[PDB]
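Take a look at the structure below.
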Amino acid sequence: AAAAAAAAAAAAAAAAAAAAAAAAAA
Amino acid sequence: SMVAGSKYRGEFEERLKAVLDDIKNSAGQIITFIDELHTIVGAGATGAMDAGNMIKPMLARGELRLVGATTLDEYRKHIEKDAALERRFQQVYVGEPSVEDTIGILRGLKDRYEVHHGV
Amino acid sequence: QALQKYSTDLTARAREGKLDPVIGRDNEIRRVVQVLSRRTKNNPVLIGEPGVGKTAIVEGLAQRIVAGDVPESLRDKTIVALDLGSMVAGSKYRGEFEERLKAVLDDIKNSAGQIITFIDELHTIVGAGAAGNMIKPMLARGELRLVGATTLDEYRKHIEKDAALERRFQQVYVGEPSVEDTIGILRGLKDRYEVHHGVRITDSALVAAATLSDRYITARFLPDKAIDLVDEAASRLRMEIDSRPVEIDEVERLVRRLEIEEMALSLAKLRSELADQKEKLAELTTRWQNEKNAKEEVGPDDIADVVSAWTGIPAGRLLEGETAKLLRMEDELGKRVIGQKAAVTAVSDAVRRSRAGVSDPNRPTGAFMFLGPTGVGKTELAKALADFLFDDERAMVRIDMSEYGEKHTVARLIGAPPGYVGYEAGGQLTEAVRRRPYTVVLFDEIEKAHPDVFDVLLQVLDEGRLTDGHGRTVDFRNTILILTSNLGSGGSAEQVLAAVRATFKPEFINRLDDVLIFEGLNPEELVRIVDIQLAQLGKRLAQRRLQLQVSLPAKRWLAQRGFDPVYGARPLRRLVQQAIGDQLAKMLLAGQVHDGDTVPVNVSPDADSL
Amino acid sequence: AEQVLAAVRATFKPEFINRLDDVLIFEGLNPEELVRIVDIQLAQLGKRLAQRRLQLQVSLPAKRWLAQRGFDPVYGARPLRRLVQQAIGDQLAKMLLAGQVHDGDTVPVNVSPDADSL
Amino acid sequence: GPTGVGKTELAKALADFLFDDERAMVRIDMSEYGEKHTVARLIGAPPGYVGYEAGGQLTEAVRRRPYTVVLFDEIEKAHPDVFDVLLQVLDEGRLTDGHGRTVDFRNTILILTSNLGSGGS
Ligand SMILES: Nc1ncnc2c1ncn2[C@@H]1O[C@H](COP(=O)(O)OP(=O)(O)OP(O)(O)=S)[C@@H](O)[C@H]1O
Ligand SMILES: Nc1ncnc2c1ncn2[C@@H]1O[C@H](COP(=O)(O)OP(=O)(O)OP(O)(O)=S)[C@@H](O)[C@H]1O
Ligand SMILES: Nc1ncnc2c1ncn2[C@@H]1O[C@H](COP(=O)(O)OP(=O)(O)O)[C@@H](O)[C@H]1O
């Protein structure tokens, strides 16, 4: 008499980023 | 306002399909107008791209007319990312006017600010 | 009888002869039989990289059971293959899936020891609930037998994530076979392909299809990366056995097309090309008849024809009509670059080498740096050889290494390490050579790059491959790498070969072919240049037909002034737009030089009038 | 061995060498050694020609002429690999697609002042 | 004295006993220090120059674990611009690094070895 009615979802996964930090070469 | 309550795994998909069949079921009359269409790419996130590419086979024959208006720097972030759609659209560039045309524009809008403010 | 609705049966399909011989891999069949008759924890898992043959091991097990060469405790076990997709169908109530699964487990349990379940792709057994967890007491009593095969990464994505389930299994690692064992396999599957398509197959075809698929097609593992070549050569021969061959069809369709176009226009032109094409189609037709008056099986050339039609690379066997090209190439390339006989004689020696198949297999077909002073042609040569090979100027991959001045720019052509911002985009060099690996790659102004980019062009040479930020060794094995430079211009050969060893390391100059130092120009070989420019201009205004009747004293006069011993032929191409283009562009937008009309030029004592 | 191990110690971490096994240093090359390398390259070039069933008959003055040329003692063994195909493979590759080198019929090599004719 | 005696085997023999650690020795070699641009490798660079993330060759291995024995191999070839850096090591218990932080040498052991001699008594 009762039905289940499966549902959806939403997944998040972000991304890191790097800085390069130049060197004045002396 | 079409992803209002759609937490079940097939509601938004048939809802958009019902809207597209309602447009297609009228013999060449309705001009649709989707404002800020850069948010139509990732409309329905099914966890697997299966939304936003339902109109993709329909635009190629050109059954819905789809006027839009997106910002210039919101265009190479969402649509050029996902360039299968970018060929379906013609582009109309709009540049700002100069001072002399702004003088002509402002003299025509001096009919609506005299009513809202009685001055 | 619950298994009758939901499962299948391999054994009844094995008695009727619906399966192929699986001659090969005795060790893994013996290993599976060794595991499967154990007391407890007796459910093996075939794990291998996708392509190596894992379902065929189970089919060979079924054929061996029906044949009767099995040990004592395998007398008529009757392997039964299940379906986890059929279980979830209409089960939309609160308890229907679990009672179906319980009925299946009851019909397995009431039998004594017979039924051997075969569940292919058992990463599907993880979820399927919304349940799906009522298998652990059945597995951890030695009551279910459960042979099942997955791939490699789908194992660790699901089952290694589920470290309680993982204990009640074994792992039978199935690895790739060799090339000789591939040849041993391909003599067994030949009868089925002769039955389904009515052809004949030479053993030389089956050894060439196993040798020649090793070098060229490199994405798939090799029990079956070489089956498709035979399977498509048979289909192409079946095409040519039916009504008409191929060419004559090609030419008939082409001439019908040109006929259509021409009659619609009623252009001349095409009228000629029609007639010529009608001559050819006639000749061939007659030849056809002649032959008839006087192929019916596959051969070792047809396999290379398939691997040449697919994946771009022309790798046939000394093809007809190209001997009229490659023996004319040293002179045909001279019609666009004038002078530099040694460089063209060295470039032709890398195309006529690898076309005939003399060159080394695991090495690029030519990778060599050529340099000199400016304005000589070192860019025009690379754009001039890739015009007749490819019919277009844009099949070149021309990345510039003038922009790579600092250290971290190297990551733009290798991708990102996995976990960072641009991972969807991948590489920028590598993702364009993986598609159709036959291009010509340039490197403009190698002076300017930071000396860490040379750590990337160092395993390109002598090996041919590189990884990236996606985990795929692309192959540069049969491209052509061209490096340009501009070093020195201050001596004949000693100063520039000192400066090259001053800037580069010994371990990079060692990895190159012949470094080709150019020479410059000469005033006698300058005049031969000039008409090309004029002829090029005679093309550029071709849309209005203003073809130039140039006097020969003008061609004489353009050679005296314009010769620079330090700037090459580049001042001449500005001198032409100063002499002709200024006065012509002034006279063209005022009237009086209307299109369809011709203009001569005469030598004024300082200028040249129109 | 002094300067190169000094540069190795100046490039790594100090205990990173002791955890390793025997750090080996290689030789140079020698004119006595260079004959059998030519034997290996001729055997490889013969086995490459085994599909279209060509083979070669290399004379001993030519086999040592390949050893006299190409002895630049800073570039290792890699110039000889290029020198062989500058000598042999170019001339054979020009002849092979011009008829006259029909399969099965082998070719000998013969000495001619700086090339080698076939 | 000579080589191959115990001259560094004594050094390992007192690190593991008095400091209770097997790997608590620092063996730097002053066999490269003949110039003005070589001394600054053992103290660091300013914040912005070439060798900065690696820090000093000496000090960044003393900042953590300041319970170490420290050797100095082959002092006799060193340029005379180490001994002013090395002098206030053995005259004060402080030294400045490439960053600007402070290191304390008041609980270490310095050992300055060489190989000349060994024939004279
Ligand atoms: N020893 C063998 N004898 C005969 N044919 C073989 C042998 N090993 C593999 N094959 C063939 O190689 C092919 C491999 O097909 P499958 O084994 O079904 O692929 P697979 O290993 O199941 O890969 P997936 O990931 O499961 S699709 C089939 O055409 C088999 O007939
Ligand atoms: N020997 C030549 N044969 C034919 N065209 C030539 C020749 N030398 C120069 N040219 C022409 O002059 C131009 C040569 O420009 P490029 O060869 O591209 O310059 P470059 O060789 O790249 O030298 P740099 O140092 O890189 S600017 C082209 O327009 C060529 O058509
Ligand atoms: N008294 C000793 N106890 C242990 N090993 C010794 C002794 N004398 C010499 N040796 C040997 O010599 C080596 C130590 O040499 P080492 O002191 O490093 O020479 P160097 O003077 O060049 O530093 C050890 O490997 C050890 O086997």
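All residue names refer to the structure tokens as shown: chains lettered A, B, ... in order, residues numbered from 1 in each chain, ligands numbered from 1 in order.
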>> Residues of chain B within 12 Å of chain C, counting only C-alpha atoms - could you list those as an MDAnalysis selection string?
In response: chainID B and resid 9 81:82
Given the selection you just returned, output its residues as a file containing C-alpha atoms, formatted as a short mmCIF file (atom, residue, chain, number, x, y, z; two decimals), in the first residue's frame.
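Written output follows (selection23.cif):
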data_model
loop_
_atom_site.label_atom_id
_atom_site.label_comp_id
_atom_site.auth_asym_id
_atom_site.auth_seq_id
_atom_site.Cartn_x
_atom_site.Cartn_y
_atom_site.Cartn_z
CA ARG B 9 14.49 11.57 -9.52
CA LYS B 81 33.23 26.22 -21.11
CA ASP B 82 30.51 24.00 -22.60
#
> What residues have any atom no more than 10 Å from ligand 1 when counting only C-alpha atoms and all ligand atoms, and can you list them as a VMD selection string?
Replying inline: chain C and resid 19 to 26 46 to 60 120 to 121 149 to 152 154 174 176 to 177 181 to 182 184 to 189 221 to 228
>> For a test of reading the model, state the distance in Å between CA of residue 65 in chain B and CA of residue 89 in chain B, rounded to one decimal.
In response: 10.3 Å
>> From the options C:258, C:306, C:416, C:385, which residue's atoms come nearest to residue 18 in chain A, counting only C-alpha atoms?
In response: C:416
>> Please identify all protein, DNA and RNA residues within 9 Å of ligand 3, counting only C-alpha atoms and all ligand atoms, and report them as a ChimeraX atom specification.
In response: /E:1-10,73,113-115
> If you count only C-alpha atoms, which residues fall within 9 Å of residue 451 in chain C, apart from same-chain ones fewer than 2 positions away, as a list in words?
Replying inline: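 Here the qualifying residues turn out to be residues 405, 406, 407, 449, 453, 454, 455 and 504 of chain C.
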Return as a PDB file with C-alpha atoms, in the first residue's frame the residues of protein, DNA or RNA that approach ligand 2 to within 10 Å, with only C-alpha atoms and all ligand atoms taken into account.
ATOM      1  CA  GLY C 334      61.673  23.442 -54.495  1.00  0.00           C
ATOM      2  CA  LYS C 335      58.788  25.220 -56.232  1.00  0.00           C
ATOM      3  CA  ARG C 336      57.933  26.979 -52.950  1.00  0.00           C
ATOM      4  CA  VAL C 337      61.384  27.291 -51.312  1.00  0.00           C
ATOM      5  CA  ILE C 338      64.249  28.410 -53.568  1.00  0.00           C
ATOM      6  CA  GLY C 339      67.781  27.459 -52.653  1.00  0.00           C
ATOM      7  CA  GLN C 340      68.917  25.401 -49.658  1.00  0.00           C
ATOM      8  CA  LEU C 371      68.944  27.346 -37.869  1.00  0.00           C
ATOM      9  CA  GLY C 372      70.952  30.177 -39.383  1.00  0.00           C
ATOM     10  CA  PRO C 373      70.510  33.887 -40.049  1.00  0.00           C
ATOM     11  CA  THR C 374      67.146  35.561 -40.615  1.00  0.00           C
ATOM     12  CA  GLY C 375      64.996  35.777 -43.727  1.00  0.00           C
ATOM     13  CA  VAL C 376      66.300  32.536 -45.195  1.00  0.00           C
ATOM     14  CA  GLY C 377      63.235  30.281 -45.145  1.00  0.00           C
ATOM     15  CA  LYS C 378      63.421  28.114 -42.020  1.00  0.00           C
ATOM     16  CA  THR C 379      59.740  28.735 -41.265  1.00  0.00           C
ATOM     17  CA  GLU C 380      58.736  28.579 -44.939  1.00  0.00           C
ATOM     18  CA  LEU C 381      60.311  25.123 -45.246  1.00  0.00           C
ATOM     19  CA  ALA C 382      58.267  23.633 -42.399  1.00  0.00           C
ATOM     20  CA  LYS C 383      55.060  25.176 -43.735  1.00  0.00           C
ATOM     21  CA  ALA C 384      56.061  24.081 -47.240  1.00  0.00           C
ATOM     22  CA  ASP C 444      59.586  28.407 -32.867  1.00  0.00           C
ATOM     23  CA  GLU C 445      62.573  30.306 -31.401  1.00  0.00           C
ATOM     24  CA  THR C 484      64.039  26.535 -35.150  1.00  0.00           C
ATOM     25  CA  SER C 485      66.736  28.877 -33.860  1.00  0.00           C
ATOM     26  CA  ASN C 486      68.514  32.124 -34.680  1.00  0.00           C
ATOM     27  CA  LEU C 487      71.884  31.756 -32.964  1.00  0.00           C
ATOM     28  CA  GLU C 519      73.700  29.731 -45.722  1.00  0.00           C
ATOM     29  CA  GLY C 520      71.763  32.875 -46.649  1.00  0.00           C
ATOM     30  CA  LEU C 521      71.153  34.086 -50.202  1.00  0.00           C
ATOM     31  CA  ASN C 522      72.858  35.214 -53.413  1.00  0.00           C
ATOM     32  CA  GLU C 525      69.207  33.243 -56.747  1.00  0.00           C
ATOM     33  CA  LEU C 526      67.209  36.308 -55.665  1.00  0.00           C
ATOM     34  CA  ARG C 528      64.109  33.610 -59.127  1.00  0.00           C
ATOM     35  CA  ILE C 529      62.313  34.545 -55.888  1.00  0.00           C
ATOM     36  CA  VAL C 530      60.740  37.747 -57.138  1.00  0.00           C
ATOM     37  CA  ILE C 532      56.650  34.239 -56.983  1.00  0.00           C
ATOM     38  CA  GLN C 533      55.779  37.413 -55.071  1.00  0.00           C
ATOM     39  CA  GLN C 536      51.287  35.666 -55.435  1.00  0.00           C
ATOM     40  CA  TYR C 567      68.219  41.087 -43.628  1.00  0.00           C
ATOM     41  CA  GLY C 568      67.438  38.295 -46.095  1.00  0.00           C
ATOM     42  CA  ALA C 569      64.568  38.436 -48.571  1.00  0.00           C
ATOM     43  CA  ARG C 570      62.252  40.290 -46.171  1.00  0.00           C
ATOM     44  CA  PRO C 571      63.037  43.851 -47.448  1.00  0.00           C
ATOM     45  CA  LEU C 572      61.877  42.793 -50.915  1.00  0.00           C
ATOM     46  CA  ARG C 573      58.364  41.941 -49.736  1.00  0.00           C
TER      47      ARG C 573
END
> Which chain B residues are at most 9 Å from chain A (counting only C-alpha atoms), as an NGL selection string?
Replying inline: :B and (6-10 or 45-47)
